[PDB]
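S.K.: The amino acid sequence is not available; the structure is as follows:
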């Protein structure tokens, strides 16, 4: 079965409790609906009236919360698959968002990080931060962007060739690279892995499907 979520902060648990799908209109009050498949977690943005400037309006997403606390240094394998369906209009990206914290029990200033992996976009949208490098990871080339705003590092990897599909993408390769760069500490905990669309203007018709995450 399916359901349409139109509330700003609506969420649903899907896929046998493994993932959560959220509307997540956090940066605007403009309307948005997603239609969610409750067995798969697949979703289609059916409504999106956003018209933001340089800041994100919304990030509807599917999330895997790590079930038991795990330090980056304790991970052996992190894999993910995903298929997106792009549209020809609007300003949006298709991006993973991975969160790390020193302390699962309390916010830690400068001890928290956000790692993004951009697979696709439309319009003039760019990451938060400065462009610092290019790297070869997981069979492809990525621009590396870095922001040290204050409380939280943002590290973004932007695929130089846009795509709509990844299968068994090695997320640990990205984690290991950010560790090599000093942006993530090995003792930090991996909290969650999300993917979806950062919406700036429009977004209706974007589709997320076939999401899977393995953390060993």
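M.R.: Thanks, I have it. Numbering: from 1, shown residues only.
S.K.: What helices and strands are in contact with the longest strand anywhere in the chain?
M.R.: Determined from DSSP state E, the single longest strand within the chain is strand 189-201. Helices and strands touching strand 189-201, by 3 or more CB pairs under 8 Å, 6 or more residues apart in numbering; DSSP states H and E, are strand 43-48, strand 61-65, strand 78-85, strand 91-101, strand 207-215. Where you see a C-beta, it was placed from the backbone N, CA and C, and this is true even at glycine.
S.K.: For residue 162, find the nearest of the ones you listed.
M.R.: Comparing the helices and strands packed on strand 189-201 by their distance to residue 162 (CB to CB), the top pick is strand 91-101, with 8.6 Å.
S.K.: relative to strand 189-201, how tilted is the closest one?
M.R.: Here the directions of strand 91-101 and strand 189-201 differ by 160 degrees (axes from the mean of the first three to the mean of the last three CA atoms, to 10 degrees).
S.K.: mind listing what strand 91-101 pairs with, with the direction of each?
M.R.: Partner strands for strand 91-101, per DSSP bridges, with pairing direction: strand 112-122 (antiparallel), strand 189-201 (antiparallel).
S.K.: what's the closest of those strands to residue 212?
M.R.: Closest to residue 212 of the strands paired with strand 91-101, according to CB to CB: strand 189-201, at 10.3 Å.
S.K.: if we can go back for a sec, ok, and which of the strands paired with strand 91-101 has the densest surroundings?
M.R.: When you average the neighbours per residue for each of the strands paired with strand 91-101 (mean count of other CB atoms under 10 Å), strand 189-201 leads with a mean of 23.
S.K.: Specify the angle between that one and strand 78-85 in degrees.
M.R.: Here the directions of strand 189-201 and strand 78-85 differ by 10 degrees (the same axes, to 10 degrees).
S.K.: Tell me which of the strands paired with strand 91-101 sits nearest to residue 10.
M.R.: Closest to residue 10 of the strands paired with strand 91-101 is strand 189-201 (CB to CB; 13.7 Å).
S.K.: Next, format the helices and strands packed on strand 189-201 as JSON lines and append distance to residue 33 and mean neighbour count.
M.R.: As requested, these are exported to JSON lines (distance: least, CB to CB, whole Å; neighbours: other CB atoms under 10 Å):
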{"stretch": "strand 43-48", "distance to residue 33": "4", "mean neighbour count": "21"}
{"stretch": "strand 61-65", "distance to residue 33": "15", "mean neighbour count": "21"}
{"stretch": "strand 78-85", "distance to residue 33": "17", "mean neighbour count": "18"}
{"stretch": "strand 91-101", "distance to residue 33": "15", "mean neighbour count": "23"}
{"stretch": "strand 207-215", "distance to residue 33": "13", "mean neighbour count": "19"}
